[PDB]
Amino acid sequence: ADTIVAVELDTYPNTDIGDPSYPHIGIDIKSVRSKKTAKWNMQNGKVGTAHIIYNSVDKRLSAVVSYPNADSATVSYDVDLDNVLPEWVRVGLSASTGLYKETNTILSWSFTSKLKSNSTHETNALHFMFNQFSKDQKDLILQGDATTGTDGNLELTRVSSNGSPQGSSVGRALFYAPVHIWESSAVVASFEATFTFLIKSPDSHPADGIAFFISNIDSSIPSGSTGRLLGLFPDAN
């Protein structure tokens, strides 16, 4: 039902469904089986940063993930989003845990989209930036186990009182306002997203990951999408 385009930070290798045998970043177009992936040297307990960029002229979705003092990981995929997504969409973050677990903490999130028309100086834009989340964040649609306010952070999946991450959890956060990514008179459409995250697990095998995604405006968590499905897909096809 839902149309999903996402950049996944996959912490657990499910080789039975196409994941490489190591943590990786990937670009998912309507399927959890990434169209392209790159090895990611994930660091348990460290704050990392992900940057996602795209523009309608080049038609290439690219993402870069890094941690301080370390080399980055990058992945790119040629795709025309006009042919995949509706004209109006919502953007958000999703995460899940299953048998294995980890905290999926978001410390900041910014997004900027621009539509440049052929009229002189005619440019439409939307920009939001969160460097702190409140208990009652009215401009976010929280789904599943996601909550905001703990230490000013956004916890996508369940975490107990003692800070311990729970398994079989799924949660998403979408920006309240729909986003216009295509318009008939637009000559250039582009967006850039950045978010900082903290994945921590008491185990040697963290799971399952975090994903930045773009979807139809009325998207909701598919049934049974905990674990390897990242709260984004109904199955592994």
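Numbers for residues come from their place in the sequence shown, where the first is 1.
**Student:** Per the record, averaged over C-alpha atoms, which has the higher B-factor: 209-217 or 18-26?
**Tutor:** Higher of the two, by average CA B-factor, is 18-26.
**Student:** If you average the CA temperature factors over each stretch, which comes out higher, 155-163 or 133-141?
**Tutor:** In the deposited entry, the stretch with the higher C-alpha B-factor mean is 155-163.
**Student:** Comparing recorded Cα B-factors across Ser96, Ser110, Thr123, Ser76, which one is largest?
**Tutor:** Each of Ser96, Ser110, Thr123, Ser76 was compared by C-alpha B-factor; the highest is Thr123.
**Student:** Taking the C-alpha B-factors as the PDB entry records them, is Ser223 in the lowest, middle or highest third of its chain?
**Tutor:** For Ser223, whose C-alpha B-factor we compare with every modelled residue in the chain, the answer is the highest third.
**Student:** Can you tell me whether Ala177 has a C-alpha B-factor in the lowest, middle or highest third compared with the other modelled residues of the same chain?
**Tutor:** CA B-factor rank for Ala177: middle third.
**Student:** When the deposited Cα B-factors of this chain's modelled residues are ordered and cut into thirds, is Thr105 in the lowest, the middle or the highest one?
**Tutor:** It falls in the bottom third of the chain.
**Student:** Looking at the entry's B-factor column for C-alpha atoms only, identify whether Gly171 ranks in the lowest, middle or highest third of its chain.
**Tutor:** CA B-factor rank for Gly171: lowest third.
**Student:** State the tercile, meaning the lowest, middle or highest third, of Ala193 with respect to the CA B-factors recorded for its chain.
**Tutor:** Within its chain, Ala193 is a lowest-third residue by C-alpha B-factor, going by the deposited values.
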